[PDB]
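Single chain ahead, by itself, as structure tokens, in the form deposited in one PDB entry.
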């Protein structure tokens, strides 16, 4: 199967501010697979920060608990990432994808959405 991903919602934001990223997915991937938001800081590799499962349950990395919130809408085929209490460590390109896309030979990452956090 082929999936297509389009992230949006990023931009320049002051420290402590907030942003909401959106992730529109093709086919039936949001409802069928577990979805996750990834970020790739300058120099680093993509890391999973938030994951949402078929039950609607969520799991986060320690650094983002209380600041990030992930949610999805199956009808809209969209995965959301509410980002609060932003820090310079949150400056990165943010991507969404299937929680298991390593199995798929079509390594399809999206263009992502850039997030930049300034200093008041």
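Shifts are known only where both forms have a C-alpha. Rigid core here is just the name for the largest C-alpha set that superposes within 1.5 Å across the two forms. Positions refer to the first chain, counted from 1.
Omitted from view is the form deposited in another entry, to which the following refers.
2 Å-or-more CA mover between this form and the one not shown, where superposition uses the core and the choices are 104, 12, 15, 24:
The residue that shifts is 104.
ask   = Would one find the Cα atoms of residue 45 and residue 104 closer or farther in the other entry than in this form, where their distance changes by 3 Å or more?
value = Closer together, which means the C-alphas of residue 45 and residue 104 are at least 3 Å nearer in the other entry.
* Asked: Would one find the Cα atoms of residue 102 and residue 47 closer or farther in the other entry than in this form, where their distance changes by 3 Å or more?
  -> So the answer is closer.
- prompt: Which residue ranges, three or more long, have every Cα moving by 2 Å or more between this form and the one not shown relative to the rigid core?
  reply: That run whose C-alphas all shift by 2 Å or more is 100 to 107, the only one.
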